[PDB]
Amino acid sequence: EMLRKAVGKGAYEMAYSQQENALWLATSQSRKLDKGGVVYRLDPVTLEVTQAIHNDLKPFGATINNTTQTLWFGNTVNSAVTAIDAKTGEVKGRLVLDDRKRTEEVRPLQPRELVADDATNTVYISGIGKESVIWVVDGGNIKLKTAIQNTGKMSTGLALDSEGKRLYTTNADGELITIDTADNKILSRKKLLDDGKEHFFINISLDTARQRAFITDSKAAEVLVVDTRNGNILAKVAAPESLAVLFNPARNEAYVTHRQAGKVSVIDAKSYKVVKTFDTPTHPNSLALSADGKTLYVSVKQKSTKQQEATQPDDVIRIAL
């Protein structure tokens, strides 16, 4: 059971709220003709647009603080973060994370992934560059608390274990970095693999109940399952180049996107192998689950290049699991 619905150009990440009974999708819109972007509120079943929130800055990454029902979006090309009230769709404010000039020599860090700790109303944002950082933002006033330095090259991945007070990030140096959220200190940097090959761990999704992490690698066709207590490999699941990953507690499965391939794989987290594949052409980007874990949403981008931009809008695919 699948439903494909067109929404808008430049689709990226999504967030879901059971209380609002809604799914939101960040879209950057047209790269050549649009300044700023749009966050769309969609019906969880029909995927029809119920609200279009125009934004001065293009939104990319997305997350929601469930306790405050506040959406947080990463403004990747403006080194900023935006907060939007979920109930009203009102942009509450923004925070510039790196205000430096984008000169040929100076490259401002740009936000990638965002995660919100509902227990402390703190938002963590991975800022990527040659020397990455993790910005820690006060969700109560949209002001910076501090910045966790030295997370390595292109430390894109970000996942939070609120109860355990642990934050995890993964980078292009083949490391899994564990951070104590009580004091924002890096507790350890673990080289997951040692085969003399380059490993770029792009995303990470946690199974906090069993203390496991699912990590994708853009360089190898192998999804890693790691014990977050010590960093040991629990399993190496065979699967084509994976980018996005999302673990589903309700079904003990993990979903992974294959952008170039145009598919989404379902990994049985008990047997540790791929048991099903969904056809999601052309280029699947991000994933989101309904609160009950019974429905998977996939943002899918049309084939496009900054030479021949797509004329058709991107879609969101609803998959009844």
Side-chain angles (χ1 to χ4, degrees), residues 12-15 26 59-66 71-76 79-83 95 97-98 109-129 131-139 144-181 184-190 192 199-208 211-218 223-224 226 228 231 242-247 254 256-257 285-289:
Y12 285 95
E13 298 195 346
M14 302 161 285
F60 292 84
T63 194
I64 178 173
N65 174 319
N66 306 280
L71 302 163
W72 291 85
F73 294 97
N75 308 117
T76 304
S79 299
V81 59
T82 302
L95 169 65
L97 299 164
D98 194 329
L109 296 182
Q110 296 293 181
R112 213 303 205 306
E113 302 306 322
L114 304 81
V115 297
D117 189 336
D118 303 340
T120 64
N121 197 7
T122 298
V123 184
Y124 300 89
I125 307 156
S126 56
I128 69 178
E131 302 186 309
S132 304
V133 307
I134 290 175
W135 291 293
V136 184
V137 175
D138 185 335
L144 184 75
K145 289 179 67 174
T146 190
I148 300 172
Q149 303 294 309
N150 309 139
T151 48
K153 188 180 69 176
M154 303 287 270
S155 199
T156 61
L158 193 66
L160 178 73
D161 170 10
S162 172
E163 195 183 324
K165 299 189 189 302
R166 294 290 181 272
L167 178 63
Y168 304 88
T169 188
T170 58
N171 58 37
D173 292 317
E175 303 178 302
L176 166 59
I177 295 175
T178 300
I179 296 170
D180 188 324
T181 58
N184 300 132
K185 185 177 183 180
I186 290 177
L187 292 174
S188 58
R189 303 207 191 203
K190 172 63 176 176
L192 296 180
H199 295 296
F200 290 24
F201 302 132
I202 316 300
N203 283 298
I204 172 171
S205 185
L206 309 175
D207 168 14
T208 55
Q211 291 184 289
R212 298 183 297 173
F214 294 80
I215 305 173
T216 58
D217 188 332
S218 65
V223 175
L224 301 183
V226 181
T228 54
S242 301
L243 294 64
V245 62
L246 176 59
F247 178 72
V256 296
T257 63
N285 189 78
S286 304
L287 304 167
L289 282 161

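Throughout, residue positions are numbered sequentially from 1 according to the sequence presented. What's counted below: heavy atoms across the whole structure, side chains too, no hydrogens, waters or symmetry copies.
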Which residues pass the side-chain contact (heavy atoms from CB on, under 4.5 Å) test with [X], not counting sequence neighbours?
{"X": "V133", "value": "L109, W135, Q149"}
{"X": "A83", "value": "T70, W72, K92, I142"}
{"X": "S132", "value": "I128, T151, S155"}
{"X": "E13", "value": "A62, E113, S286"}

Output all residues satisfying side chain to side chain donor-acceptor pair (under 3.5 Å) with [X], sequence neighbours left out; order by chain, then residue number.
{"X": "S162", "answer": "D117"}
{"X": "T228", "answer": "none"}
{"X": "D217", "answer": "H199"}
{"X": "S79", "answer": "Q110"}

Nearest heavy atoms of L97 and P111, plus distance in Å
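Residues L97 and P111, closest heavy atoms: CD1-CB, 4.5 Å.
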
Least distance between heavy atoms, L144 atom then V137 atom:
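That closest heavy-atom pairing would be CD1-CG2, 4.3 Å.
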
Ignoring hydrogens and angles, tell me if any N or O in the side chain of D118 forms a donor-acceptor pair with the backbone of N66 under 3.5 Å.
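Side chain of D118 to backbone of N66: a pair is present.
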
Rounded to the nearest 0.5 Å, what separation is found between the [atom1] atom of [X] and the [atom2] atom of [Y]?
{"X": "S242", "Y": "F201", "atom1": "OG", "atom2": "CZ", "result": "12.5 Å"}
{"X": "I186", "Y": "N150", "atom1": "CD1", "atom2": "CG", "result": "6.5 Å"}
{"X": "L114", "Y": "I134", "atom1": "CG", "atom2": "CD1", "result": "11.5 Å"}
{"X": "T170", "Y": "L192", "atom1": "OG1", "atom2": "CG", "result": "8.5 Å"}

With sequence neighbours excluded, tell me which residues meet ring pair (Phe, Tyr, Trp, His ring centres under 6.0 Å) with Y12.
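Once residues adjacent in sequence are excluded, the partners of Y12 under the ring pair (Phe, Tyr, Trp, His ring centres under 6.0 Å) criterion are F60.
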
Looking at residues at least two apart in the chain, or sitting in another chain, which of them share a ring pair (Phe, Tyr, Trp, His ring centres under 6.0 Å) with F247?
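Partners of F247 by the ring pair (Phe, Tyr, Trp, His ring centres under 6.0 Å) criterion, ordered by chain and then number, come out as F214.
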
Side chains of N285 and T257, heavy atoms from C-beta outward: is any pair under 4.5 Å?
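Of all side-chain heavy-atom pairs linking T257 with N285, none is under 4.5 Å.
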
Applying salt bridge (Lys or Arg N to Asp or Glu O under 4.0 Å), name anything that partners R212, two or more places apart in sequence or on another chain.
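Expected list: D207.
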
What pairs meet the salt bridge (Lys or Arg N to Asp or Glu O under 4.0 Å) rule with one or both residues in residues 157-176, with sequence neighbours excluded?
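The answer is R166-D180.
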
